[PDB]
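> Pasting the sequence and an experimental structure:
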Amino acid sequence: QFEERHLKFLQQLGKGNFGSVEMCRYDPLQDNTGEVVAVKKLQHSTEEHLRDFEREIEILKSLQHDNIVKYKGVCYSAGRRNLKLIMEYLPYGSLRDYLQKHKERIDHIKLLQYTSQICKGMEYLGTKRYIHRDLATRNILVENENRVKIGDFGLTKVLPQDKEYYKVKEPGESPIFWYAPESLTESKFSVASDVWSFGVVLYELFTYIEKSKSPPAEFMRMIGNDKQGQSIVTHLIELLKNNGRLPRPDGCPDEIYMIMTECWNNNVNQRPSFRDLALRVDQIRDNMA
Ligand SMILES: CCc1cc(O)c(F)cc1-c1cc(N[C@@H](C)CO)c2nc(N)ncc2c1
C-alpha cells in the first residue's frame with residue numbers, strides 16, 4: 001500500500017483521459033531516496049468518472065507485458081472517492097514527444113522496432129478481450145531508446161462474453177481522427193477498430209509528428225477547414241466511405257504504407273490481426289537488418 005503523506009509531488013506530466021498525471025517521489029523514509037512514480041488522479045471525482053477510473057485500475061492491474069505500462073498500486077489515503085493510480089514512471093516521455101524532438105534521427109529500423117512492440121502489447125490486450133479505444137502516439141510511452149509501452153487505458157472497454165464488439169451509448173470526448181468508420185457511424189469498438197487506429201499510429205510514426213501532417217490536419221484539409229463541430233464527423237464518415245485516406249508519409253517505405261492501408265479497410269473482417277502484423281513487421285525488420 002502507498003500512503004498519500006509520503007507521495008511527494010515533483011512535476012506535472014500531462015493530461016490523460018478524464019484526469020491528470022504527475023511525477024511523484026514515493027518517499028516513506030523522507031530522505032529523497034524514494035522511487036519516482038507516475039500518478040494519475042481525477043480532476044472531477046464524480047460517481048461516473050470514479051466508476052470508469054476504478055475499471056481502468058482493474059484493467060491495468062490484470063495486464064503483465066513488456067510493452068504495457070506497469071501498474072504499481074493505488075493510494076486510498078484521501079478516501080474512496082479520491083483514488084490515485086500509481087504506475088511506473090517512463091523517463092523518456094510519450095512517443096509523440098520523443099519523436100517530435102528527435103525527428104529523422106530515429107531511423108526506419110528503430111521505428112519498426114517500436115511498431116513491432118506496439119503490435120505485441122495490443123495482441124496481448126486482445127487475448128484479454130480488452131478494446132483500447134485510444135491507441136495514438138500521445139498514449140504510447142518510451143522507457144528507453146529500445147522499448148515503448150502502451151499507456152492511457154482510460155477509454156478501454158471489455159468485450160461482452162457473447163459479442164466481438166462494444167457499443168458506447170453516450171460518447172464522451174472521442175479521438176475521431178483515429179476512429180474506424182463503424183466507430184464513427186455506430187459507436188462500435190472491437191479488436192478490428194483498434195487495428196484501424198494502429199494504422200493511424202504507424203502513419204504518425206513515419207510523419208515524425210510533422211505538425212501540418214498530423215491526422216487532424218490532413219483529414220480537415222480533405223473535408224475542408226470550413227467544417228466545424230458535428231459537421232466534421234458527418235463529412236469524415238462520407239470521406240472514409242469513399243476511400244479518402246491519409247497520404248503516404250514523405251520517405252515512408254512502400255511496404256509500410258501497404259500495412260497502413262490494409263489496417264484502414266472499410267470491411268472490418270478484412271483488417272489484419274495484431275498477431276499477423278507483429279510477424280509482418282518483424283520480417284520487414286529482418287529484411288533490413
Ligand atoms: C493517463 C495516466 C496513465 C494511465 C494508464 O492507464 C496508463 F496505462 C498509463 C498512464 C501514464 C501516462 C503518462 N503520461 C500521459 C500524459 C501520456 O498520455 C505517463 N507518463 C510517463 N512519463 N510515465 C508514465 C505514464 C503513465
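Sure, I can see it. Residues are numbered from 1 along each chain as shown.
> Can you give me the distance of residue 134 to residue 17?
Plainly put, residue 134 is 6 Å away from residue 17 if you go by C-beta to C-beta, to the nearest Å. No exception for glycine: its C-beta is placed from N, CA and C like everyone else's.
> An error on my part: the question was meant for residue 233.
19 Å.
> Find the residues that touch each one of residue 134 and residue 17.
Contact criterion C-beta atoms under 8 Å, 6 or more residues apart in numbering; residues shared by residue 134 and residue 17: 152, 154-155.
> could these be laid out in a markdown table, adding distance to residue 1, secondary structure and neighbour count?
Shown next, in a markdown table, are the shared contacts of residue 134 and residue 17 (distance: C-beta to C-beta, whole Å; DSSP: H, G, I helix; E, B strand; the rest coil; neighbours: other C-beta atoms under 10 Å):
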| residue | distance to residue 1 | secondary structure | neighbour count |
| --- | --- | --- | --- |
| 152 | 24 | coil | 24 |
| 154 | 23 | coil | 21 |
| 155 | 28 | coil | 23 |
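> before we move on, the earlier item: so residue 233 and residue 17 - more neighbours on which side?
More neighbours surround residue 17 than the other of residue 233 and residue 17, with 20 against 15 (other C-beta atoms under 10 Å).
> so what's the residue nearest to the more buried one when sequence neighbours are not counted up against?
Counting by C-beta to C-beta, 6 or more residues apart in numbering, residue 17 lies nearest to residue 154, which is 2.6 Å off, once chain neighbours are set aside. For residue 154, the contact set (C-beta under 8 Å, 6+ apart) comprises 16-19, 52, 56, 134.
> Against the ligand, how distant is residue 154?
Distance, residue 154 to the ligand, using C-beta to the nearest ligand atom, to the nearest Å: 6 Å.
> Enumerate the residues of the stretch 101-250 of the chain near the ligand.
Remark: the part of the stretch 101-250 of the chain in contact with the ligand comprises 138-139, 141, 151-154, using C-beta under 6 Å from any ligand atom.
> so residue 106 makes contact with residue 100?
No. Residue 106 lies out of contact with residue 100 (C-beta atoms under 8 Å); the separation is 10.4 Å.
> Neighbour count: those two, which is higher?
Legend: neighbour count by other C-beta under 10 Å for residue 106 and residue 100, higher for residue 106 (18 against 15).
> gap between the more buried one and residue 98?
8 Å.
> re earlier: what's the overlap in contacts for residue 106 and residue 100?
residue 208.
> who wins for neighbours among the residues of the stretch 101-250 of the chain next to the ligand?
That'd be residue 141 among those, by other C-beta under 10 Å, with 29 neighbours.
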